[PDB]
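Visitor: Can you keep this structure in mind? I'll have questions shortly.
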RNA sequence: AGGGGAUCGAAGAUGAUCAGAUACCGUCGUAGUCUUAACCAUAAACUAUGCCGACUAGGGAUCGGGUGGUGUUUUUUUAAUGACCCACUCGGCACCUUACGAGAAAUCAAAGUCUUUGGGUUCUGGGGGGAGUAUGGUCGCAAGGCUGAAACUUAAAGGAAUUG
RNA sequence: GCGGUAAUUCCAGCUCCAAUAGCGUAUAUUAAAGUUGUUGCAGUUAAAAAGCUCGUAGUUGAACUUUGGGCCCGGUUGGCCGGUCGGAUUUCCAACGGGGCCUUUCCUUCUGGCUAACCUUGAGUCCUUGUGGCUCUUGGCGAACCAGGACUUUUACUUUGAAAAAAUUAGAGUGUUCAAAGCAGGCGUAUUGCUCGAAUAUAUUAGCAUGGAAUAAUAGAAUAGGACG
RNA sequence: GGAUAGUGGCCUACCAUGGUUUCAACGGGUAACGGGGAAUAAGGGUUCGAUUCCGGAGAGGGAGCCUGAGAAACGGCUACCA
Ligand SMILES: [Mg+2]
Ligand SMILES: [Mg+2]
Ligand SMILES: [Mg+2]
Ligand SMILES: [Mg+2]
Ligand SMILES: [Mg+2]
Ligand SMILES: [Mg+2]
Ligand SMILES: [Mg+2]
Ligand SMILES: [Mg+2]
Ligand SMILES: [Mg+2]
Ligand SMILES: [Mg+2]
Ligand SMILES: [Mg+2]
Ligand SMILES: [Mg+2]
Ligand SMILES: [Mg+2]
Ligand SMILES: [Mg+2]
Ligand SMILES: [Mg+2]
Ligand SMILES: [Mg+2]
Ligand SMILES: [Mg+2]
Ligand SMILES: [Mg+2]
Ligand SMILES: [Mg+2]
Ligand SMILES: [Mg+2]
Ligand SMILES: [Mg+2]
Ligand SMILES: [Mg+2]
Ligand SMILES: [Mg+2]
Ligand SMILES: [Mg+2]
Ligand SMILES: [Mg+2]
Ligand SMILES: [Mg+2]
Ligand SMILES: [Mg+2]
Ligand SMILES: [Mg+2]
Ligand SMILES: [Mg+2]
Ligand SMILES: [Mg+2]
Ligand SMILES: [Mg+2]
Ligand SMILES: [Mg+2]
Ligand SMILES: [Mg+2]
Ligand SMILES: [Mg+2]
Ligand SMILES: [Mg+2]
Ligand SMILES: [Mg+2]
Ligand SMILES: [Mg+2]
Ligand SMILES: [Mg+2]
Ligand SMILES: [Mg+2]
Ligand SMILES: [Zn+2]
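Protein chains in written order, with the entry's author numbering: chain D1, 1 to 87; chain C1, 2 to 156; chain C3, 2 to 151; chain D7, 2 to 82; chain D2, 2 to 130; chain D3, 2 to 145.
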C-alpha cells in the first residue's frame, strides 16, 4: 500500500489464510497458525525450523480445517496419499 | 382503392390539361401523364399502366411529396383510397430511466397504383393537406402480405 | 414448470452425446425411412412409431440414422395429419371430458379440469396459428370439436 | 469439499448420481439381442419396452413392460449391443 | 422461468466465494458469460475456467482464488451514456482506485476503463471487485 | 425481486403506480383535493381578519387546569365562524365584543395548540394595533 | 321451491342459580341440521408468510416411483412370485441439529445469498381514531358482497423481548 | 411538559446566551425523508399477500451463426537521453488507442469520370560496407466520391456533429476604493494616440448528420410459389 | 363545386361507412396561459414560474363590421346584454 513517492505507508499488512486467502484480521481470535516441524536425517526434528500454514477462523468454523490441511501439507510434501483431488 | 368503372362519378374524371384530339386517330385512346416523385421511389408501373384518375396520386396527380418520410404498419384499410397506419415507438421516462410503448395512427392517402392489405409495412411521404386529417401519402409497399399463400389447405 | 399444477417433476429422456453412430447398428437410412412409413400408413402417430421402432427395432432415435424428425419424414411423404398430434390428443381429451360432464353436471371438478385443458388447447393453437401451421383464423369449438377428432 | 475436481469426478460417484445430474447427461437404458431357442434368428430389444415385443416369426411373446425395465419371458438369453 | 442466464452465473460464483470454495460449476454457459468470465480473469479475479460441451447449452468450471469480494450484474441492462459511466462506478464500486463496471458496447464487452480509453459506450452488464 | 417490475420498458407501470400511492401521502392529497380552498376557515391564506362575537372562557385539557380566554370570531372574507385564543396575561381586556381582530395560525398545520380544546387560531392585532404592542405599552388602542 | 325431518339443536317457554341472571347448568323445542333445483361469495377461507428460476448445510424417519443384490423369509425340487432387509436416485408430507447467514426480537434452509443495496413478475401497506363509516356505482330475493372518501380529532397506537 | 406557598418554564428585577440593522410570528414549499423508495423502503407476528385456480391486456422470456491466427500504416501521452540558444525532435524502449490487409470472407450494383496508392520500374543514387530515402514517365489497385441507370428486410442502443436567442446557471479576463455588480478597460508623446477585449461550457426527450455492429428485437428456403445465370 | 390570400369538411351537393379507444379514447377537475426559467444544494429527485426576454389571448360580456398593406382593432364603428 504505497504512496506518492515510494514510501510504504499504512501500518500492518495482515496475514492471509492459506486455505482461502481471505484476510486473517485482528479480532479474529478464532483462526490458527500451524507450525509443522522440519525434520532431518533420522527422526530428529530441527527446532526453530518449520513449515507453516495459517487458517481463517471461518474455515475452522465450517469444519473444513482438517481436510483442507491435508491437501495443504501433502502438495507441500509432508503427506503421501491420505488426500485425493477427486471425490 | 377504386377498381372497376373508372368513370363512375357524376363528374367526368380526367387529368387536367392532358388533351387528346379525336381528329388524330390513336391507339391508346387516352394520353396519360405521370411523374417521378423523386427521393428514390420507383413510380410503380401500375401507375403508368393504370387507368385510374386520382388527383391525389403522387405519381399521376397534382400532389407533391416533400418533408417527412415515415414508415408504419398498415392497421386499417376500410376507407376508399386512404388507409391508416400505426407508427409505434418507445418513449423515455427519465425519472425511471426506462421506456414505455406509445403509438400514433397517421391517416394517409393511397394511390390505386398500390394494393395494400392490413398488416403490410408501408412507407409514406408528407404532402399538402389533402383532407381533414391526411397529411401523408403511401409512397412504397415494403412487405407483401404475411406469407399468406403458404397458409392453405391440405396435402 | 408443470404448467397447470404445482408439479415439479424432473423427468425426461437423457439423450446420447453420440449425435451419430451406433456402429453396432447395421441396416440403412432406406430401412427405417421405409419402416417409418409402413406404420404411418398402418395409422400410427409419429410418437407410436418412434416407440415401436425403438423396442422391436434397433432405432435408438430415428433422426440419428436419418437426419430427420419423424413428423418431417411423414410430412415429406404426404402422410401428415390435419392438425398437429399434440393438439389432436389435447382436443380428444377435452371432448371425452366434456361427454363426462354432459352425463354428470354434478361433477364440478370436471368443469375445472375441462377449463384447464381447453386453456392449454387455446394457447397451443395460438402458437401453431402464429407459425403458419394452422390458418390465421382456425378455432377450437365445443360444438364442432367432437366431430373433429371422430 | 471446499476443493475438488468438478471436471474429473470419480467413476463411482458419477455412477450413483441421477441420469440428468451427471457431468454430461446421458441415457442409462441399454439394448439387447434376445433369443428364445425355438428360433435361429434373434431380435433386438430396448431395455424399457413399453411395447411388449413379439418375436420375428412366431407370435410367441418376448418380454413384458413394467414401471421401467422390461421383464423377459421365461427361457431367454441376451447381450448388451 | 430461467430469465438471465448471466445473473445466475454470477450468483453461483459469489456464493462459492462466500462459502469459501475454489471451484464453481456453472450452467448453462453463454457467449456473454464467457466474455464476462473473461474480463474477470483478465484482471485476475478468478483463475481459469473450462467449457465442458454437453451437447446442450453448456457448463463452465471456474477455478477461483478469493481475491474477489463480489461479482454482480445489473438486471435491466440500462443504457449508459459516455458521461454517466462515472456515475455508475460511483454508486456501486468500493473506491475510485480499483474494480470495474463491466458493460456492453458496440465495440466489445469491456470494463469501464477500457471503455474509456477506446471512448465507446452502450449498455451496462455487471461489475467486479 | 419483490414487488416492483424491473423491466427496462416498464416505465408506465412504475410512474403510474407512483401517481397512485402518492395519495396515501397525507399532504399530497390535501394539496390536490384543495382542502385548503375547500374546508379550513382561512382562505388558504396565512391570516384572516374577522369580527368578535363573544368572549369565551375555555377550560384547559388535562392534566392541566385553567381557563383559557378566547374570542369567537366571524371571518370577513368568509362568513365562516371561528374561536381564537387571546395570548398572554390580560389581553382579553383589550378585545371587547364587535371589535375587528386579525387572526393567524397556531403553527400545527390545523391541529389545536396545547391544552386548549379545538382552538386552532390566535389573535395578533385588535382595532389595527398589534396585541403585543398593547401588552407592552408601545401603543394604545384606537378611538372606538 | 319440493322432499326429508332419527339426532342434536339460533328463537321461544320453563326448572334452578343470582342483588339481579333476558345467561352460564337442567327441561321443552320452532327454524335449522340431511337432499334435490336455483341463490348467496363470506371464515383466524392461516403456514396470519404470492408465483416461476438459480444458488448456499448437516442428519435420521417416512410416502409414491425406479435402478442395483451368488440380501433375509415364504418350500416344492429349485425356481416365479409376494412381503421384508440394505445401498442408491428422483419426487412428496415432515421432523431433527446447526447457523456461513437473517432479523427489532420471537425465530427462520428461508424470513438466507440487501448500504458489497438489480434473475422475471403479480398484489397490498405509508401514525392512531374518525371507519370499512358517509356517498356514488354495481351485484343480490333478502341478508348483504365488491368498489370506497372527507370533515374533525389525536401524541401516541403498535410490535418483540426483559424485569417485576 | 411547567403553575395547587421554597415555580430551573408564568409576572418581573438582576445576571446571562443566540443572531444582529435587523430579529420574531403565521402560511406555504424544499432539505432532513430510504416516511412514495429507478437509484432506495416495507408487507410471519408492527400498517400491508386477493379463499383458490384459470386467464386477456401489460411486463418478462434458455442456449446456438466470422472465431482464431499472420502481416502493414501512422497517430498521443510517457520514459532514457537534448541537438539547443524555458521547449525542440530523430533513433531505443515500453504501454494505450486508430486505420487498412491475407486467412474459402458484399464492398449494394453495374456504366466512366479520378485516380491516392504499389504487385510496379525507368534510370540510378544524397549518403553510414544498404531496402535507412523521395523527386521520378511507358504494361500493372479501385472505391476516395463524382452522376446516371438498376435495387435496397425492419428497429432499439451507442459515438461524433451540425442547426441552434439573449438575460439566467457554470465559468475565463478585468482592482466597480471592497463587494452585489458591470462589460469594461488598459498604455503614452496625457499638444491632435497606442492598444487587449466583449471568452468557454451546458444546451438532453424529438428531429437531422455520422462512426460503431456487443447486447435486444424483426424479416428469410419446407406442399419449394426458393437462390444465383 | 363554392368560398379564401391560398391548402383543407372550410362550406355545399351527391356518395360511402367510416375516425378514436386499457399504449387510457371520451368525460370531469385545475385556487392552468405556455416556454427561457425559479427555489431546495451527495446523487436520483421534489416543488414552483401571474410577473423585466420569446410566443399567445384579451381589452365589461358576446357578435358584427368599416378603413387598410396589415384589425375581426375596442384610447375604430354598429347591435344586443350588463
Ligand atoms: Mg368508405
Ligand atoms: Mg401459470
Ligand atoms: Mg424444476
Ligand atoms: Mg414422465
Ligand atoms: Mg387508503
Ligand atoms: Mg359559542
Ligand atoms: Mg370574495
Ligand atoms: Mg328437525
Ligand atoms: Mg331463552
Ligand atoms: Mg328465571
Ligand atoms: Mg331472551
Ligand atoms: Mg376477507
Ligand atoms: Mg391455523
Ligand atoms: Mg437437507
Ligand atoms: Mg428388487
Ligand atoms: Mg400529554
Ligand atoms: Mg418566593
Ligand atoms: Mg421564584
Ligand atoms: Mg424569568
Ligand atoms: Mg434566522
Ligand atoms: Mg437506475
Ligand atoms: Mg416504512
Ligand atoms: Mg398485521
Ligand atoms: Mg395468500
Ligand atoms: Mg381479479
Ligand atoms: Mg436471449
Ligand atoms: Mg450529441
Ligand atoms: Mg455567453
Ligand atoms: Mg355509421
Ligand atoms: Mg388510468
Ligand atoms: Mg385561470
Ligand atoms: Mg409566464
Ligand atoms: Mg404552470
Ligand atoms: Mg390568476
Ligand atoms: Mg408558431
Ligand atoms: Mg387583440
Ligand atoms: Mg356567449
Ligand atoms: Mg373589438
Ligand atoms: Mg390599442
Ligand atoms: Zn420368439
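Using N, Cα and C, we set each Cβ at its ideal position, and we do this for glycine too.
1. Write down every uninterrupted run of the beta strand (DSSP E) in the segment 3–70 of chain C1 whose length is 3 residues or greater and which is fully enclosed by it, in chain order.
2. Straight-line CA distance for residue 90 (chain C1) to residue 34 (chain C3)?
3. Compare the Cα-Cα distances from residue 92 (chain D3) to each of 56 (chain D3), 112 (chain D3), 109 (chain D3), 120 (chain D3) and report the closest residue.
4. So is residue 35 (chain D1) buried or exposed if we call it buried at 16+ other beta carbons inside 10 Å?
5. Determine the extent of the beta strand (DSSP E) in which residue 45 (chain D7) is found, giving its start and end residues.
6. In this structure, does DSSP put residue 34 (chain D7) in helix, strand or coil?
7. State buried or exposed for residue 47 (chain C3), treating a residue as buried only when at least 16 other CB atoms are found within 10 Å of its CB.
8. Please go through the same chain and pick out, in chain order, the residues whose beta-carbon is closer than 7 Å to the beta-carbon of residue 96 (chain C3), but skip the five residues on each side of it.
9. Using three-state DSSP, classify residue 149 (chain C1) as helix, strand or coil.
10. With three or more C-beta pairs closer than 8 Å as the rule, is the segment 120–136 of chain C1 touching the segment 69–81 of chain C1?
11. Please confirm whether residue 140 (chain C1) and residue 66 (chain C1) have their CB atoms less than 9 Å apart.
12. Residues of chain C1 with a CB under 9 Å from the CB of residue 10 (chain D3): which are they?
13. Hey, quick one: how far does the beta strand (DSSP E) through residue 52 (chain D1) stretch, first residue to last?
14. Under 8 Å Cβ-Cβ, which residues of chain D1 neighbour residue 6 (chain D7)?
15. Report buried or exposed for residue 83 (chain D2), applying the criterion of at least 16 other Cβ atoms within 10 angstroms of its Cβ.
16. Quick check: is the beta carbon of residue 152 (chain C1) nearer than 9 Å to any beta carbon in chain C3?
17. Counting only Cβ pairs nearer than 7 Å, list the residues of chain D7 close to residue 21 (chain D2).
18. Below 9 Å between beta carbons: does that hold for residue 88 (chain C3) and residue 102 (chain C3)?
19. Taking 9 Å as the cut-off, decide whether the C-beta atoms of residue 37 (chain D2) and residue 100 (chain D2) are in contact.
20. When the distance is taken between beta carbons, is residue 15 (chain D3) closer than 9 Å to residue 19 (chain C1)?
21. Taking C-beta pairs closer than 8 Å, name the residues in chain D1 that residue 66 (chain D7) reaches, listed in chain order.
22. In three-state terms, what does DSSP make of residue 51 (chain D2)?
23. For residue 41 (chain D3), which of 143 (chain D3), 82 (chain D3), 118 (chain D3), 101 (chain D3) has the nearest alpha-carbon?
24. Where do the N-terminal and C-terminal ends of the alpha helix (DSSP H) with residue 20 (chain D3) fall, by residue?
25. Return the CA-CA distance between residue 26 (chain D7) and residue 15 (chain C3), expressed in angstroms with no decimal places.
26. Does residue 58 (chain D1) come within less than 9 Å of chain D2 when only Cβ atoms are used?
27. So that I know if they touch, is there some Cβ in chain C1 lying closer than 9 Å to that of residue 20 (chain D3)?
28. Would you call the segment 19–26 of chain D2 and the segment 60–69 of chain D2 touching, i.e. three or more CB-CB distances under 8 Å?
29. Could you spell out the range, first to last residue, of the beta strand (DSSP E) harbouring residue 158 (chain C1)?
30. Span of the alpha helix (DSSP H) holding residue 51 (chain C3)?
31. With residue 5 (chain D7) and residue 85 (chain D1) assumed to form a contact (beta carbons below 8 Å), what rounded beta-carbon distance in angstroms separates them?
32. Does the structure place the segment 112–132 of chain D3 close enough to the segment 84–104 of chain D3 that three or more beta carbon pairs sit under 8 Å?
33. Below 8 Å, is the gap between the Cβ of residue 13 (chain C3) and the nearest heavy atom of ligand 4?
34. In three-state DSSP terms, what is residue 1 (chain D2)?
35. Excluding sequence positions up to five away, which residues of its chain have a Cβ less than 7 Å from the Cβ of residue 31 (chain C1)?
36. Note down, in chain order, each residue of its chain lying with its Cβ closer than 6 Å to the Cβ of residue 136 (chain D2), except the 5 sequence neighbours on either side.
Guide: Inspection of the coordinates gives the following:
1. None, since the segment 3–70 of chain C1 contains no complete beta strand (DSSP E) of that length.
2. Going from the Cα of residue 90 (chain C1) to the Cα of residue 34 (chain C3) covers about 50 Å.
3. Ranking the options by Cα distance to residue 92 (chain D3), first place goes to 56 (chain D3).
4. By the neighbour-count definition (other C-beta atoms within 10 Å, threshold 16), residue 35 (chain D1) is an exposed residue.
5. In the DSSP annotation of this structure, the continuous segment of the beta strand (DSSP E) that includes residue 45 (chain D7) starts and ends at 44–47.
6. Strand, per DSSP.
7. Label assigned to residue 47 (chain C3): buried.
8. Correct list, in chain order: 146, 147, 150.
9. If DSSP states are grouped into helix, strand and coil, residue 149 (chain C1) belongs with the helices.
10. Here the segment 69–81 of chain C1 lies against the segment 120–136 of chain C1, with 3 or more beta-carbon pairs under 8 Å apart.
11. Yes.
12. Result: 91, 99, 100, 101, 102.
13. Run containing residue 52 (chain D1): 50–55, per the beta strand (DSSP E) assignment.
14. For residue 6 (chain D7), the chain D1 residues whose Cβ falls inside 8 Å of its Cβ are 85, 86, 87, in order along the chain.
15. With a threshold of 16 other beta carbon atoms within 10 Å, residue 83 (chain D2) falls short and is exposed.
16. When Cβ-Cβ separations below 9 Å define contact, residue 152 (chain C1) makes contact with chain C3.
17. Here the neighbours are 3.
18. No, the pair does not count as a contact, with Cβ atoms beyond the cut-off.
19. The Cβ atoms of residue 37 (chain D2) and residue 100 (chain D2) do not sit closer than 9 Å to each other.
20. Taking 9 Å as the Cβ cut-off, residue 19 (chain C1) and residue 15 (chain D3) do not qualify as a contacting pair.
21. Per Cβ cutoff of 8 Å: no residues; residue 66 (chain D7) is ~38 Å from chain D1 at best.
22. In the three-state reduction of the DSSP assignment, residue 51 (chain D2) falls in the strand class, which pools E and B.
23. The residue with the shortest Cα to Cα distance from residue 41 (chain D3) is 82 (chain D3).
24. Note, residue 20 (chain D3): alpha helix (DSSP H), 12–22.
25. Using only the alpha carbons, I get a separation of about 6 Å.
26. With a threshold of 9 Å between beta carbons, residue 58 (chain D1) makes contact with chain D2.
27. So, not an interface residue.
28. With the rule of 3 Cβ pairs closer than 8 Å, the segment 19–26 of chain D2 counts as touching the segment 60–69 of chain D2.
29. What the structure shows of chain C1 is the stretch from 2 to 156, and residue 158 (chain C1) is not part of that stretch, so it cannot be assessed.
30. In this chain, the alpha helix (DSSP H) harbouring residue 51 (chain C3) covers 47–56.
31. In this structure residue 5 (chain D7) is in contact with residue 85 (chain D1), their Cβ atoms being roughly 7 Å apart against a cut-off of 8 Å.
32. Three or more beta-carbon pairs separated by less than 8 Å link the segment 84–104 of chain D3 to the segment 112–132 of chain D3, which places the two stretches in contact.
33. Indeed, a heavy atom of ligand 4 lies less than 8 Å from the Cβ.
34. Because chain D2 spans 2 through 130 in this model, residue 1 (chain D2) falls outside it and cannot be assessed.
35. Short of 7 Å from the beta carbon of residue 31 (chain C1), and not among the five residues preceding or following it, lie these beta carbons of its own chain, in chain order: 21.
36. A question about residue 136 (chain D2) goes unanswered here, because the residues of chain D2 that appear run from 2 up to 130.
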